[PDB]
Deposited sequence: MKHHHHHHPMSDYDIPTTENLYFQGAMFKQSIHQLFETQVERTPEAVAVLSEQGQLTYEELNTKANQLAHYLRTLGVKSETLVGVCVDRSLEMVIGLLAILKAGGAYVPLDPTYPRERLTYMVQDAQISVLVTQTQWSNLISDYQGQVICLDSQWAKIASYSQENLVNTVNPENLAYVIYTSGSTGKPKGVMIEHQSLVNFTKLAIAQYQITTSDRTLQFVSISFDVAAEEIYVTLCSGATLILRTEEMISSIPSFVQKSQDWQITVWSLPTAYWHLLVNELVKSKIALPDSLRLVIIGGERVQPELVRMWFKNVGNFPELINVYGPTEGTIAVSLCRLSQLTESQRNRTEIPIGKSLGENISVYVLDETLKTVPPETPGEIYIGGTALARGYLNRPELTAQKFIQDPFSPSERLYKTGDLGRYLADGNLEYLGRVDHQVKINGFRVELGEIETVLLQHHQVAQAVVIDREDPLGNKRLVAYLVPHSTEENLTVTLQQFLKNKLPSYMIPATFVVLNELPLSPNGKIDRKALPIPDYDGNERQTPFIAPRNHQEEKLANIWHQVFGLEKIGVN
């Protein structure tokens, strides 16, 4: 039963061609229309040399175009590499060079964003008349399941981000499991929330589109305030929210502080990305109750989005009166979530250890980082045909079988909900001429540094320096000497 993610999508299109697939504040596309437009772009991409294992950069804003673009790259047999337009030129250029990207799917408003680029560029906004001349038919046979679907960059502690290579087979497995876990149906309306620079965007997009639900693309404005976010979700009649945990934390505090009613259409809230606060979980159950359903979802990018989940609304009082809220149990049978000792042996229940992931969830590895790949994706000594991914997350299984997240072994953290290696920022700061040694810590980022010379506006100088290298959320608010 061999299948690619776009094939899963294609099966759905055939089932329900006239359903609305994607909605934005600007327009909408039916399943048929999304499929035919992605086919037209895909056919064009094939004529540009895009084929299986070809990496295609995607530098688009959240729009109907974004979705067409992702699906087209997939259908052409390529793997997309998200290139976040809010990142600085130098970071984007690095990714393009590192990934050897020679096709860039973008829009005219982003065209000056690569330190400039010798490959083929397609601007979806200005060249649609050309693209509309290509075939609307599904392409046949362009990938195997072991072929890449996307390469997504994450923070690197040695000083540069690195790409996590995700094959179709792991993504398809994820998507099918999540669809059944969440009970997504053709009646659902899912809010597309996170940037495609984070793999949770793939959950939101593919779970929705491969089940026949409607994907609703959010605006920048709707998240600036919780009342706006809630009211717009009520206007859209949203049934599924997928929220970074830190944003859900904001939401809960504002719910109680105000008398804001949740949308009446909302049936499920999926959270993840960092440790949920038991107090806010208790505050949620007191003020909201058990509907909408609340699920805590865990996993790293390297395990294809998520590997564990816990239905918080199904926890007993006692399970929620604990000091950690569980991250739960494996998303499915072909995914193993282990707590292991230093020799990779399982431990008795309630014994803490490090979380390692096995089975269908695994990334192929890190793009062009053989040392890091060998370090993190380990051959299973007790099952040599298989690999384990070392998560760097500590945890323990409770007697009831639920996994608890216990923290990190290292200096990876989450800032604004985004994965940050403190070593990335620290490594980058050492490159400045007037920094001698440097250390960056949470908690919020504060930089600890001894300069070569003390200049008295060194805050703004190191800030402006990092501004052009690192995403904003990697820039400390304050510095210390």
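Fill in: Segments lacking C-alpha coordinates (deposited sequence numbering, starting at 1)
Several stretches lack coordinates - namely 1-27, 471-477, 516-573, in sequence order.
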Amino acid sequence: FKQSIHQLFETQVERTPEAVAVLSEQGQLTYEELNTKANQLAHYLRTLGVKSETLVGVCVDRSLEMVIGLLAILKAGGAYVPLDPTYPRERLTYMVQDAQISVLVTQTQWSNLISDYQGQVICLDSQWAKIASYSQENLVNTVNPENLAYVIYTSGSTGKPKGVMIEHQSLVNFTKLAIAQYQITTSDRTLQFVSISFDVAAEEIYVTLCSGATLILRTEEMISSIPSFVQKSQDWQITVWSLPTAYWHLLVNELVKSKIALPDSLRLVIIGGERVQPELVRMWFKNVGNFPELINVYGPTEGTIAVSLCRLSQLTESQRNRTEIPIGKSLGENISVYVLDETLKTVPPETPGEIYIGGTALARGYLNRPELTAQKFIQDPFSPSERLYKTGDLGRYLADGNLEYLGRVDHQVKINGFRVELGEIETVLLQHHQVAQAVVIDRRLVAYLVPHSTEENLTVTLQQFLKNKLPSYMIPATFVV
From here on, numbers count along this sequence of modelled residues.
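Rigid core here is just the name for the largest C-alpha set that superposes within 1.5 Å across the two forms.
Worksheet item: Superpose by the rigid core: which stretch, 167-175 or 114-122, shows more Cα shift in 4 other deposited structures of this protein?
Response: Farther from the shown form on average in 4 other deposited structures of this protein: 114-122.
Discussion item. Using only C-alpha atoms and the B-factors in the entry, which stretch averages higher, 332-340 or 220-228?
Written reply: Going by the record's values, the stretch with the higher mean is 220-228.
Fill in: Mean C-alpha B-factor comparison - 349-357 and 207-215, higher one
Averaging CA B-factors over each stretch, the winner is 349-357.
Item to complete: In terms of CA temperature factor as recorded, identify the highest of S135, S115, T391, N296.
Response: The C-alpha B-factor peaks, among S135, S115, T391, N296, at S115.
Practice prompt. Would you mind finding, among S308, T142, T186, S233, the residue with the largest C-alpha temperature factor in the entry?
Written response: Spelled out: the listed residue with the top C-alpha B-factor is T142.
Item to complete: Select lowest, middle or highest to describe the third in which the CA B-factor of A202 falls within its chain in this entry.
Response: Answer is lowest: the recorded C-alpha B-factor places it there.
Discussion item. Using only modelled residues of the chain, where does the Cα B factor of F382 rank: lowest third, middle third or highest third?
Written reply: Top third by C-alpha B-factor.
Worksheet item: Lowest, middle or highest third of the chain for the C-alpha temperature factor of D125?
Response: Middle third, going by the recorded CA B-factors of the chain.
Worksheet entry | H433, C-alpha B-factor rank within chain (lowest, middle or highest third) | As the PDB entry reports it, the C-alpha B-factor of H433 lands in the highest third of its chain.
Worksheet entry | Record-listed C-alpha B factor of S52: chain third | According to the entry, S52 has a C-alpha B-factor in the chain's middle third.
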